[PDB]
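Notes to accompany the following structure.
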Amino acid sequence: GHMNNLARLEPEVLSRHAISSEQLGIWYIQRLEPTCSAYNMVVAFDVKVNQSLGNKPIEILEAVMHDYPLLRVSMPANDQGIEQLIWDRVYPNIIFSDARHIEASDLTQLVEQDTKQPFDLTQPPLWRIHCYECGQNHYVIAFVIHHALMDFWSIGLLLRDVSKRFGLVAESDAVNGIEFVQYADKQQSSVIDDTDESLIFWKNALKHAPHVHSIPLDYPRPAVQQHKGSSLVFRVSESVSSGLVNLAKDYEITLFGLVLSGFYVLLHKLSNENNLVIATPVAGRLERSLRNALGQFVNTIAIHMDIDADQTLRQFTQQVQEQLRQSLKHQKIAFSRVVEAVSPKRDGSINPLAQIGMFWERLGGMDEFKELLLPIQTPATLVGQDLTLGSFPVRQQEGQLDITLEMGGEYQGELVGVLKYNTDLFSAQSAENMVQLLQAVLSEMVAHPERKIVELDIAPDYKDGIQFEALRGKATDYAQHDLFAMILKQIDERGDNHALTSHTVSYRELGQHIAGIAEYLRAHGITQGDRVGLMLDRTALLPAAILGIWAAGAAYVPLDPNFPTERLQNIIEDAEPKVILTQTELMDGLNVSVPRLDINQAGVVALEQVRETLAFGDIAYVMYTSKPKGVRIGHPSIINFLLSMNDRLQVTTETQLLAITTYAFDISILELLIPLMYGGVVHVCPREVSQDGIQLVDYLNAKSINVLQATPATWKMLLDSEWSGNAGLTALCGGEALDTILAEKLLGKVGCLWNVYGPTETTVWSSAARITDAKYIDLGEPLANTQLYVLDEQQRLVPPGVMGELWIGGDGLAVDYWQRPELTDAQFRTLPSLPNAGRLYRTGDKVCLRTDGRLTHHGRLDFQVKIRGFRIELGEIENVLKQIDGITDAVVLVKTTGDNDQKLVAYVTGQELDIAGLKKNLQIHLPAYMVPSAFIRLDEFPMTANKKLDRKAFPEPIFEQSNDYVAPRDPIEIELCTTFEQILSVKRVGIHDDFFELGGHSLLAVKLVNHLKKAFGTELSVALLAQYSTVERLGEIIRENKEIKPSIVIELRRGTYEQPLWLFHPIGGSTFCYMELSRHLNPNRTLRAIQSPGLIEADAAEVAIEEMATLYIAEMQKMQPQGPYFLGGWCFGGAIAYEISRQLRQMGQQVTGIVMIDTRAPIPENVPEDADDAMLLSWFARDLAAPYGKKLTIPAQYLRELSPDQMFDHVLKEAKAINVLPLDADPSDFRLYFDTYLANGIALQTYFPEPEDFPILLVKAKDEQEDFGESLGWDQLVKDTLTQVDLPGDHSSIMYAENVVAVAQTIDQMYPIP
Ligand SMILES: CCCCCCCCCCCCCC(=O)OC[C@H](COP(=O)([O-])O)OC(=O)CCCCCCCCCCCCC
Ligand SMILES: Nc1ncnc2c1ncn2[C@@H]1O[C@H](COP(=O)(O)O)[C@@H](O)[C@H]1O
Ligand SMILES: [Mg+2]
Ligand code: NI
């Protein structure tokens, strides 16, 4: 053993101190997430020794521990505060392991693993040393200090002092290792009132600062931050580094000033937000008396820049330097204090106020060590007589924020930096991107110093004219091919084989039907260029009609008969068709001034006889979409589309496609034609079957389909039926976003799955993704002769990792919007930015260009996904809901409320649901900012005629503004409430009020938790309180826990006066009736109330009052062993007080007085009427709810009709339904209440004390209708010493807020305290 001669001894505390406010925040984070290593400071060395080193290391270590008290510090959390304890002695935590067998690559990983082991800041030491034997006289030494204990400036002082001790440097400055606790103490004897001019500065600085930054993430953000992260080391070139130095001097700014400005500009371009908040450390060592002190002095300041893209870099950089200069005036105010004052919404998913940092450190005086402290390895050594030090870089302090930029170092003319990134949010490829973008910003800054921020472009020199070569589609001549010729060829070749299946039509028969329809049309006025309305049912004539209309030279305009007549009529108005091809039934359905042809009258004609006359025209169809927008599509688009689709689907003679989509939706083009291009079979699915889950499942298992295309809706319908899947099926899902849940479900049921995307204006689909893993969904890669561009609002190309608007170019563009040329000219453009792109369609889709060539969809621009600044990943919320058992489908929308405020609304459908528990579920899987403010259940989500979700149709939500007040309903909620009220100084806390929203803040939480694990006697944590911030939610957690029984004593108020007032429970056993009283009593008096054991442990309620009283007096005396006692109670509690007084005086104790609030004297006359079990249960139900001002009337006669077990269930169900029992109350819990009621009843019936003269304040409820005498009987027990006051109220309401104030004040006037 390497510590054989150090020896372990028993440490004792020398002195207690405060923690500085600079330590409080880091301490709290460590206590909030115990496995956090993000504040493990590491400095490590390659150490070669000589024989002469000897035992000097232990000798020196022991000397250093003696010299600097700070190293023997612990930070335990105690009563009403966190403490800094200096121990006389600490056993050093030195770990020595054999690494002689470990390759150098692995050794680094190992040291990084080892140093991340988390500290408990309450068990010393808060530092440790890791040694590795690498070879003989060859070691790696890693020193690890928790940042709560000291800062890097301190590390420097130690490094230099300890180096001198080992004889590595000649000189060392004096180090002070005791000043910090003094500094801590003098600090926490000071206020920082909310009037402090610096505190006001930060509130103003940060008031309008966003909740969370809008950089797009790679992953979905965890509900609770786990501080996992990684680091990327990079260097800025000598050219660009020198440039920066000079540019800074060519302005009036710090180098740091410059680079920070660079950083903001980067985040501006990355997130496209103009409000940005970056956090920077400050040394916090202005007082020179501190410049040699070991300690944690570093404060964080949150700089909040407003970016004006119109600013020149020069103007803007200076604007930063200035604000930075102002902010440094107010660095004295701790970040924890700023967070307290600003009071942002607490959210366990992010750091408050700021999630991006920039550290700039150079640290002078460390001249010999400068290269030994870089993030990169250097040949630099320190040679001493006994040993040599060498560079050993290890990744350290990862996970603090979302992103932290760490800079200040320089090496061989190059600025050295470390990009730190949270690995739960960002991929490594994204980090590299960020570094590359950062590099680009600094270059373009020294290049073009006078340029306007907006005109500055970070994005890669896309020399090819494309952002990635993926986003450009394979070049062919598909758009030149003849579609008609292919189908004609198949008609010759395939012969009498099947073609359509509705009454099966052969290819030969199909040719006849095309001829016959085309000829019929020709005969009745139709020519090339005309437009034919097409109003048909899903028969075998449908595809024949399309091809017939085409062969006649005409274009068809879909008029689906299932669409609303006024919708059909609007299209017909706009499209102005020459005729409408329809069937016999439908001829005079529409009231339109447009001729109609019964397609059933078209004959069959031999194709041979009319082939010369058959040609396609230029236009294929006019398809309408969301005034009416008819998109005109030409045949070269369509043939380009179909051929490009065959490339993927590999359509063959044995292909068999179930066509289900309306021909009034362009994607039907694929389903109706592409088998006919290759000899396969189109199955025209009848509308009824496509809209009926089981009926569709049936037609699938039967007719042996191997290709199916549909929108998500149909797939969901299919899965919601008992569909066994089809492992040969090729599936296409398009038209709407494929969420990860459907994807993982589809994948397990289908052979091949395609996500397929495209607007109508670029011909069915433009791109397609072969989906293989649900966690990776995107818009795929382009079809042939198609190009995809992601542009900003300036129609410039975006940098990778940035969101923009998708634009599409290629052979797929529409001809135009039908007779809407202004619109066409606005939507179909060439762009100066893309001069080789040609004509482009502008989708109005929000698409993120990934660091990958991947396009991920984020849905439109007309749809608001912004709230309070930051933006919402609506799909991530939806994904969670769907995973909840019961929920079948969910849609989350952003909606506006009253004063231009936006809130999340979640719509759900499902078999059986409990809206109540939904919010609690989401709370523990999403960030706070992504939790919906409203849950609306629907039977079915509204669809479009296309079978997509019709978001515009979802009902507008109605928000509950304030949270409804609800009084605590059980002993746990009762204590929790009192505890909240007291700590927050809030007069009255409801069980749905949230700790932090009531004014709570992080240091208070620690107090609260400390108060609780005394009051409950178990280990509660600040994480629990963080995640469960309401009495209700927290009550649940505590309650579920079988290892925690409360005390029968509740402190309602700790006052200053010596003497407590003790209150005793009424018949029910609870102390709720005293809560409101306690709020109006003079707060200088301590109040304690006792509840029955019976409410906590089973069969524990006492049944004789005399025994009850003894038990309670013992409980009392543990807190108040002597003095004269002050007792009282409402109702039965008064009688308990009477008997307690009797026993107290038999013990020689004095009783100052008894408060009785409408107590009926314990005399025979006042005993209740005899009740059967039903009546007792009826009474209990009444008395249970009365304290809450609620009337719960359960007639004994109703109860007698039921069996006993049915009775208790009935009362329980009824009590819960008016909210006077917690929602999770088992029958077990209910028997606890009822049994206590029964016990106290029996006690009442057997208690009849002899007369006795105690000083009694009898407060009579002067409005109670039941008669018990002027004195409620007390004149028979107490003659001379009874003071009676009659006050407004009845026996119950006397204790209600309106009436109980006068009760409280009667007491305070009668039993005064200074
Ligand atoms: C957090 C502050 C604490 C300050 C403590 C002062 C430095 C004390 C370093 C103590 C390391 C103890 C390791 C040890 O006892 O092993 C002796 C080892 C040979 O062991 P063995 O194989 O004979 O059993 O032989 C060796 O491995 C010797 C290695 C010596 C390394 C000296 C490092 C000098 C640089 C100081 C930098 C301080 C930075 C904060
Ligand atoms: N696979 C897909 N993923 C996401 N959005 C899609 C997909 N396919 C189509 N869309 C959207 O659906 C729109 C159709 O236009 P509209 O009929 O006006 O809703 C397109 O412009 C796209 O925004
Ligand atoms: Mg569309
Ligand atoms: Ni050892």
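Naming works like this for the structure tokens: A, B, ... for the chains as they're shown, residue 1 at the start of each chain, ligands 1 onward in shown order.
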
Legend entry - Within-6 Å residues of ligand 1, basis only C-alpha atoms and all ligand atoms, as a PyMOL selection string: chain A and resi 2+57-58+60-61+127+139+143+155+158-159+162-163

Create the file for the chosen residues now, containing N, CA, C and O atoms and written as a PDB file, in the first residue's frame.
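What follows is the written file out_23.pdb:
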ATOM      1  N   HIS A   2       0.426   2.235  -0.839  1.00  0.00           N
ATOM      2  CA  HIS A   2       1.186   3.480  -0.993  1.00  0.00           C
ATOM      3  C   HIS A   2       0.955   4.490   0.133  1.00  0.00           C
ATOM      4  O   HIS A   2       1.694   5.464   0.265  1.00  0.00           O
ATOM      5  N   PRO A  57       7.008  13.217  -1.335  1.00  0.00           N
ATOM      6  CA  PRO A  57       5.627  13.543  -1.720  1.00  0.00           C
ATOM      7  C   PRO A  57       4.647  13.490  -0.559  1.00  0.00           C
ATOM      8  O   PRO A  57       3.895  14.449  -0.389  1.00  0.00           O
ATOM      9  N   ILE A  58       4.668  12.424   0.237  1.00  0.00           N
ATOM     10  CA  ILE A  58       3.796  12.373   1.404  1.00  0.00           C
ATOM     11  C   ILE A  58       4.212  13.464   2.384  1.00  0.00           C
ATOM     12  O   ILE A  58       3.364  14.145   2.958  1.00  0.00           O
ATOM     13  N   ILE A  60       5.552  16.390   1.805  1.00  0.00           N
ATOM     14  CA  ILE A  60       5.045  17.657   1.306  1.00  0.00           C
ATOM     15  C   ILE A  60       3.512  17.717   1.391  1.00  0.00           C
ATOM     16  O   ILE A  60       2.945  18.694   1.870  1.00  0.00           O
ATOM     17  N   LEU A  61       2.841  16.666   0.942  1.00  0.00           N
ATOM     18  CA  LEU A  61       1.388  16.619   1.034  1.00  0.00           C
ATOM     19  C   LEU A  61       0.907  16.921   2.445  1.00  0.00           C
ATOM     20  O   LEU A  61       0.010  17.735   2.642  1.00  0.00           O
ATOM     21  N   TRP A 127     -11.266  17.318  -2.533  1.00  0.00           N
ATOM     22  CA  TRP A 127     -10.244  17.138  -3.558  1.00  0.00           C
ATOM     23  C   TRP A 127      -9.675  15.727  -3.492  1.00  0.00           C
ATOM     24  O   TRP A 127      -9.700  15.088  -2.432  1.00  0.00           O
ATOM     25  N   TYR A 139       5.192   8.340 -13.880  1.00  0.00           N
ATOM     26  CA  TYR A 139       3.848   8.377 -13.360  1.00  0.00           C
ATOM     27  C   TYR A 139       3.006   9.460 -14.028  1.00  0.00           C
ATOM     28  O   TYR A 139       3.535  10.471 -14.483  1.00  0.00           O
ATOM     29  N   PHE A 143      -4.564  15.934 -10.405  1.00  0.00           N
ATOM     30  CA  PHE A 143      -5.121  16.577  -9.225  1.00  0.00           C
ATOM     31  C   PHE A 143      -6.543  16.995  -9.513  1.00  0.00           C
ATOM     32  O   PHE A 143      -6.803  17.594 -10.558  1.00  0.00           O
ATOM     33  N   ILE A 155      -5.980  27.268  -7.991  1.00  0.00           N
ATOM     34  CA  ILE A 155      -5.150  26.189  -8.535  1.00  0.00           C
ATOM     35  C   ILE A 155      -3.754  26.694  -8.912  1.00  0.00           C
ATOM     36  O   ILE A 155      -2.755  26.048  -8.614  1.00  0.00           O
ATOM     37  N   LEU A 158      -1.573  27.291  -5.740  1.00  0.00           N
ATOM     38  CA  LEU A 158      -1.124  26.018  -5.201  1.00  0.00           C
ATOM     39  C   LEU A 158      -0.077  25.390  -6.102  1.00  0.00           C
ATOM     40  O   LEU A 158       0.899  24.822  -5.623  1.00  0.00           O
ATOM     41  N   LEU A 159      -0.296  25.486  -7.410  1.00  0.00           N
ATOM     42  CA  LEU A 159       0.549  24.800  -8.359  1.00  0.00           C
ATOM     43  C   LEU A 159       1.948  25.377  -8.228  1.00  0.00           C
ATOM     44  O   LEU A 159       2.955  24.664  -8.225  1.00  0.00           O
ATOM     45  N   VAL A 162       3.410  24.499  -4.543  1.00  0.00           N
ATOM     46  CA  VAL A 162       3.756  23.106  -4.374  1.00  0.00           C
ATOM     47  C   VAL A 162       4.931  22.776  -5.289  1.00  0.00           C
ATOM     48  O   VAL A 162       5.818  21.985  -4.936  1.00  0.00           O
ATOM     49  N   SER A 163       4.964  23.405  -6.455  1.00  0.00           N
ATOM     50  CA  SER A 163       6.105  23.210  -7.341  1.00  0.00           C
ATOM     51  C   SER A 163       7.403  23.613  -6.638  1.00  0.00           C
ATOM     52  O   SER A 163       8.377  22.877  -6.684  1.00  0.00           O
TER      53      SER A 163
END

Inset, instruction - Could you pull out the residues sitting within 7 Å of ligand 4, using only C-alpha atoms and all ligand atoms, and write them as a count of residues only? - result: 5

Give one line per residue of chain A that approaches ligand 2 to at most 6 Å, naming the two atoms of the closest pair and their distance in Å to one decimal, counting only C-alpha atoms and all ligand atoms; sort by chain then ascending residue number and deliver it as JSON lines.
{"residue": "A:625", "atom": "CA", "partner": "ligand 2", "partner_atom_place_in_ligand_line": "17 (O)", "distance": 5.2}
{"residue": "A:626", "atom": "CA", "partner": "ligand 2", "partner_atom_place_in_ligand_line": "18 (O)", "distance": 4.3}
{"residue": "A:734", "atom": "CA", "partner": "ligand 2", "partner_atom_place_in_ligand_line": "1 (N)", "distance": 4.2}
{"residue": "A:735", "atom": "CA", "partner": "ligand 2", "partner_atom_place_in_ligand_line": "8 (N)", "distance": 3.3}
{"residue": "A:736", "atom": "CA", "partner": "ligand 2", "partner_atom_place_in_ligand_line": "6 (C)", "distance": 4.1}
{"residue": "A:737", "atom": "CA", "partner": "ligand 2", "partner_atom_place_in_ligand_line": "3 (N)", "distance": 3.8}
{"residue": "A:755", "atom": "CA", "partner": "ligand 2", "partner_atom_place_in_ligand_line": "1 (N)", "distance": 5.7}
{"residue": "A:756", "atom": "CA", "partner": "ligand 2", "partner_atom_place_in_ligand_line": "1 (N)", "distance": 4.7}
{"residue": "A:757", "atom": "CA", "partner": "ligand 2", "partner_atom_place_in_ligand_line": "1 (N)", "distance": 3.7}
{"residue": "A:758", "atom": "CA", "partner": "ligand 2", "partner_atom_place_in_ligand_line": "9 (C)", "distance": 4.9}
{"residue": "A:759", "atom": "CA", "partner": "ligand 2", "partner_atom_place_in_ligand_line": "21 (O)", "distance": 3.9}
{"residue": "A:843", "atom": "CA", "partner": "ligand 2", "partner_atom_place_in_ligand_line": "21 (O)", "distance": 5.8}
{"residue": "A:845", "atom": "CA", "partner": "ligand 2", "partner_atom_place_in_ligand_line": "23 (O)", "distance": 5.3}
{"residue": "A:857", "atom": "CA", "partner": "ligand 2", "partner_atom_place_in_ligand_line": "4 (C)", "distance": 6.0}

Legend entry - Nearest to residue A:345, chosen from A:1119, A:868, A:881, A:1302, with only C-alpha atoms counted in the distances: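 Selected residue with least distance to residue A:345: A:868.
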
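With only C-alpha atoms taken into account, the protein and nucleic acid residues at most 7 Å from residue A:498 (excluding it and anything under 3 positions from it in its own chain) are residues 504, 505, 506, 507 and 681 of chain A.
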
Expected file contents, prior selection, N, CA, C and O atoms, as a PDB file, in the first residue's frame:
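Resulting contents of part.pdb:
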ATOM      1  N   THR A 504     -63.084  -7.454 -63.242  1.00  0.00           N
ATOM      2  CA  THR A 504     -61.700  -7.237 -63.689  1.00  0.00           C
ATOM      3  C   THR A 504     -61.517  -6.896 -65.179  1.00  0.00           C
ATOM      4  O   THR A 504     -62.088  -7.547 -66.062  1.00  0.00           O
ATOM      5  N   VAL A 505     -60.704  -5.869 -65.433  1.00  0.00           N
ATOM      6  CA  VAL A 505     -60.441  -5.378 -66.782  1.00  0.00           C
ATOM      7  C   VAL A 505     -59.068  -5.801 -67.285  1.00  0.00           C
ATOM      8  O   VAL A 505     -58.072  -5.571 -66.601  1.00  0.00           O
ATOM      9  N   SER A 506     -59.007  -6.389 -68.483  1.00  0.00           N
ATOM     10  CA  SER A 506     -57.721  -6.824 -69.028  1.00  0.00           C
ATOM     11  C   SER A 506     -57.018  -5.659 -69.700  1.00  0.00           C
ATOM     12  O   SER A 506     -57.650  -4.649 -70.008  1.00  0.00           O
ATOM     13  N   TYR A 507     -55.711  -5.796 -69.917  1.00  0.00           N
ATOM     14  CA  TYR A 507     -54.970  -4.786 -70.664  1.00  0.00           C
ATOM     15  C   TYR A 507     -55.614  -4.553 -72.038  1.00  0.00           C
ATOM     16  O   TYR A 507     -55.815  -3.404 -72.445  1.00  0.00           O
ATOM     17  N   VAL A 681     -50.634  -4.796 -61.930  1.00  0.00           N
ATOM     18  CA  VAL A 681     -52.066  -4.648 -61.751  1.00  0.00           C
ATOM     19  C   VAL A 681     -52.438  -3.538 -60.774  1.00  0.00           C
ATOM     20  O   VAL A 681     -52.013  -3.547 -59.623  1.00  0.00           O
TER      21      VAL A 681
END

If we count only C-alpha atoms, what is near stretch 578-584 of chain A at a cut-off of 7 Å, once residues fewer than 2 positions away on the same chain are taken out, given as a JSON list (two decimals) with N, CA, C and O atoms, in the first residue's frame?
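Produced file result-v1.json, reproduced below:
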[["chain", "number", "residue", "atom", "x", "y", "z"],
["A", 530, "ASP", "N", -58.01, 21.56, -74.27],
["A", 530, "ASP", "CA", -59.20, 21.73, -73.44],
["A", 530, "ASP", "C", -59.03, 21.14, -72.02],
["A", 530, "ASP", "O", -58.10, 20.38, -71.74],
["A", 531, "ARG", "N", -59.93, 21.53, -71.13],
["A", 531, "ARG", "CA", -59.95, 20.96, -69.80],
["A", 531, "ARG", "C", -61.28, 20.24, -69.54],
["A", 531, "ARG", "O", -62.36, 20.80, -69.78],
["A", 532, "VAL", "N", -61.18, 19.00, -69.08],
["A", 532, "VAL", "CA", -62.35, 18.17, -68.83],
["A", 532, "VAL", "C", -62.55, 17.95, -67.34],
["A", 532, "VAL", "O", -61.68, 17.43, -66.66],
["A", 533, "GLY", "N", -63.71, 18.35, -66.83],
["A", 533, "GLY", "CA", -64.06, 18.03, -65.46],
["A", 533, "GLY", "C", -64.24, 16.53, -65.34],
["A", 533, "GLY", "O", -64.86, 15.90, -66.20],
["A", 534, "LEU", "N", -63.71, 15.95, -64.27],
["A", 534, "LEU", "CA", -63.77, 14.51, -64.07],
["A", 534, "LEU", "C", -64.45, 14.14, -62.75],
["A", 534, "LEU", "O", -63.82, 14.11, -61.70],
["A", 535, "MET", "N", -65.75, 13.85, -62.80],
["A", 535, "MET", "CA", -66.51, 13.51, -61.59],
["A", 535, "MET", "C", -66.94, 12.03, -61.62],
["A", 535, "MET", "O", -68.01, 11.70, -62.14],
["A", 536, "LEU", "N", -66.09, 11.16, -61.06],
["A", 536, "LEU", "CA", -66.33, 9.72, -61.07],
["A", 536, "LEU", "C", -66.23, 9.04, -59.71],
["A", 536, "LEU", "O", -65.64, 9.57, -58.77],
["A", 576, "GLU", "N", -62.96, 26.67, -65.36],
["A", 576, "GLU", "CA", -63.73, 26.82, -66.60],
["A", 576, "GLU", "C", -63.53, 25.66, -67.58],
["A", 576, "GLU", "O", -62.99, 25.86, -68.66],
["A", 586, "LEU", "N", -74.85, 10.96, -61.55],
["A", 586, "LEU", "CA", -74.33, 12.23, -61.07],
["A", 586, "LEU", "C", -74.58, 13.39, -62.01],
["A", 586, "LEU", "O", -74.15, 14.51, -61.73],
["A", 587, "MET", "N", -75.29, 13.13, -63.11],
["A", 587, "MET", "CA", -75.41, 14.11, -64.19],
["A", 587, "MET", "C", -76.02, 15.46, -63.74],
["A", 587, "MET", "O", -75.48, 16.51, -64.06],
["A", 594, "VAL", "N", -72.43, 24.08, -67.04],
["A", 594, "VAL", "CA", -71.36, 23.39, -67.74],
["A", 594, "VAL", "C", -71.89, 22.03, -68.18],
["A", 594, "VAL", "O", -72.32, 21.23, -67.34],
["A", 595, "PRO", "N", -71.84, 21.77, -69.48],
["A", 595, "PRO", "CA", -72.28, 20.53, -70.11],
["A", 595, "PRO", "C", -71.69, 19.30, -69.43],
["A", 595, "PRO", "O", -70.59, 19.36, -68.88],
["A", 596, "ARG", "N", -72.42, 18.20, -69.48],
["A", 596, "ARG", "CA", -71.95, 16.97, -68.85],
["A", 596, "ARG", "C", -72.08, 15.79, -69.79],
["A", 596, "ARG", "O", -73.04, 15.71, -70.55],
["A", 597, "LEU", "N", -71.09, 14.91, -69.75],
["A", 597, "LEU", "CA", -71.10, 13.71, -70.58],
["A", 597, "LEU", "C", -71.15, 12.46, -69.71],
["A", 597, "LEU", "O", -70.32, 12.28, -68.82],
["A", 598, "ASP", "N", -72.13, 11.61, -69.96],
["A", 598, "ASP", "CA", -72.21, 10.35, -69.25],
["A", 598, "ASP", "C", -71.17, 9.42, -69.84],
["A", 598, "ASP", "O", -71.28, 9.01, -70.99],
["A", 599, "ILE", "N", -70.15, 9.10, -69.04],
["A", 599, "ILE", "CA", -69.04, 8.26, -69.50],
["A", 599, "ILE", "C", -69.52, 6.85, -69.88],
["A", 599, "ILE", "O", -68.91, 6.18, -70.71],
["A", 600, "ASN", "N", -70.64, 6.42, -69.30],
["A", 600, "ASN", "CA", -71.20, 5.13, -69.64],
["A", 600, "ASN", "C", -71.69, 5.06, -71.08],
["A", 600, "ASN", "O", -71.99, 3.99, -71.58]]

Near residue A:108, within 10 Å and counting only C-alpha atoms, which residues show up once chain neighbours fewer than 3 positions away are dropped, as a JSON list (two decimals) with N, CA, C and O atoms, in the first residue's frame?
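As written to disk, selection.json reads:
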[["chain", "number", "residue", "atom", "x", "y", "z"],
["A", 102, "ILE", "N", -1.13, -0.55, -19.77],
["A", 102, "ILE", "CA", -2.16, 0.21, -20.50],
["A", 102, "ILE", "C", -1.58, 1.08, -21.63],
["A", 102, "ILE", "O", -0.74, 1.93, -21.38],
["A", 103, "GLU", "N", -2.05, 0.89, -22.86],
["A", 103, "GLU", "CA", -1.59, 1.71, -23.98],
["A", 103, "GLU", "C", -1.93, 3.18, -23.73],
["A", 103, "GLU", "O", -2.97, 3.49, -23.14],
["A", 104, "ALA", "N", -1.07, 4.08, -24.19],
["A", 104, "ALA", "CA", -1.22, 5.51, -23.92],
["A", 104, "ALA", "C", -2.59, 6.11, -24.33],
["A", 104, "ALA", "O", -3.11, 7.03, -23.68],
["A", 105, "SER", "N", -3.15, 5.59, -25.42],
["A", 105, "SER", "CA", -4.47, 6.02, -25.87],
["A", 105, "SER", "C", -5.48, 5.79, -24.76],
["A", 105, "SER", "O", -6.20, 6.70, -24.34],
["A", 111, "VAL", "N", -7.88, 8.14, -17.12],
["A", 111, "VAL", "CA", -7.72, 9.31, -16.25],
["A", 111, "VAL", "C", -8.98, 10.19, -16.36],
["A", 111, "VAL", "O", -9.49, 10.68, -15.35],
["A", 112, "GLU", "N", -9.50, 10.36, -17.56],
["A", 112, "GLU", "CA", -10.73, 11.13, -17.72],
["A", 112, "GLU", "C", -11.89, 10.45, -16.99],
["A", 112, "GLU", "O", -12.64, 11.14, -16.31],
["A", 113, "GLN", "N", -12.02, 9.13, -17.12],
["A", 113, "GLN", "CA", -13.04, 8.42, -16.34],
["A", 113, "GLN", "C", -12.85, 8.65, -14.85],
["A", 113, "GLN", "O", -13.77, 9.07, -14.16],
["A", 114, "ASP", "N", -11.63, 8.41, -14.38],
["A", 114, "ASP", "CA", -11.34, 8.43, -12.96],
["A", 114, "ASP", "C", -11.60, 9.76, -12.30],
["A", 114, "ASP", "O", -12.02, 9.83, -11.15],
["A", 140, "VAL", "N", 1.69, 9.25, -14.09],
["A", 140, "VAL", "CA", 0.78, 10.32, -14.45],
["A", 140, "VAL", "C", 0.08, 10.72, -13.15],
["A", 140, "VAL", "O", -0.38, 9.85, -12.42],
["A", 392, "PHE", "N", 0.22, 16.62, -19.51],
["A", 392, "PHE", "CA", -0.76, 15.54, -19.64],
["A", 392, "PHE", "C", -2.19, 16.08, -19.72],
["A", 392, "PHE", "O", -2.88, 16.21, -18.70],
["A", 393, "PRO", "N", -2.63, 16.40, -20.95],
["A", 393, "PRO", "CA", -3.96, 16.96, -21.21],
["A", 393, "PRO", "C", -5.06, 15.96, -20.86],
["A", 393, "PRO", "O", -4.92, 14.81, -21.27],
["A", 394, "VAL", "N", -6.08, 16.37, -20.11],
["A", 394, "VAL", "CA", -7.28, 15.54, -19.93],
["A", 394, "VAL", "C", -8.55, 16.38, -20.01],
["A", 394, "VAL", "O", -8.59, 17.53, -19.55],
["A", 395, "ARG", "N", -9.58, 15.83, -20.63],
["A", 395, "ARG", "CA", -10.83, 16.55, -20.75],
["A", 395, "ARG", "C", -11.44, 16.70, -19.36],
["A", 395, "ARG", "O", -11.41, 15.77, -18.55]]

Inset, instruction - Name the residues of stretch 876-1106 of chain A that fall into alpha helix (DSSP H) according to DSSP on the backbone, using the chain letters and numbers of this document, as a VMD selection string. - result: chain A and resid 876 to 882 915 to 925 971 to 984 1002 to 1015 1022 to 1027 1031 to 1040 1073 to 1080 1105 to 1106

Neighbour list for residue A:844 as an mmCIF file with N, CA, C and O atoms, in the first residue's frame, cut-off 8 Å, only C-alpha atoms, skip fewer than 5 positions in-chain:
data_model
loop_
_atom_site.group_PDB
_atom_site.id
_atom_site.type_symbol
_atom_site.label_atom_id
_atom_site.label_comp_id
_atom_site.auth_asym_id
_atom_site.auth_seq_id
_atom_site.Cartn_x
_atom_site.Cartn_y
_atom_site.Cartn_z
ATOM 1 N N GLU A 805 -36.000 28.184 -45.409
ATOM 2 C CA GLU A 805 -37.152 27.814 -46.223
ATOM 3 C C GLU A 805 -36.725 26.940 -47.397
ATOM 4 O O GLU A 805 -35.796 27.283 -48.127
ATOM 5 N N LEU A 806 -37.404 25.811 -47.575
ATOM 6 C CA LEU A 806 -37.094 24.918 -48.684
ATOM 7 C C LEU A 806 -37.543 25.473 -50.043
ATOM 8 O O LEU A 806 -38.686 25.903 -50.218
ATOM 9 N N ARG A 860 -43.675 24.253 -42.143
ATOM 10 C CA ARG A 860 -44.414 25.439 -42.578
ATOM 11 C C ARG A 860 -43.932 26.717 -41.915
ATOM 12 O O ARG A 860 -43.077 26.686 -41.040
ATOM 13 N N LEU A 861 -44.482 27.846 -42.337
ATOM 14 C CA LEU A 861 -44.130 29.120 -41.739
ATOM 15 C C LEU A 861 -45.418 29.819 -41.303
ATOM 16 O O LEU A 861 -45.416 30.641 -40.382
ATOM 17 N N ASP A 862 -46.522 29.460 -41.960
ATOM 18 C CA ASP A 862 -47.862 29.898 -41.560
ATOM 19 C C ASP A 862 -48.231 29.384 -40.157
ATOM 20 O O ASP A 862 -49.011 30.012 -39.438
#
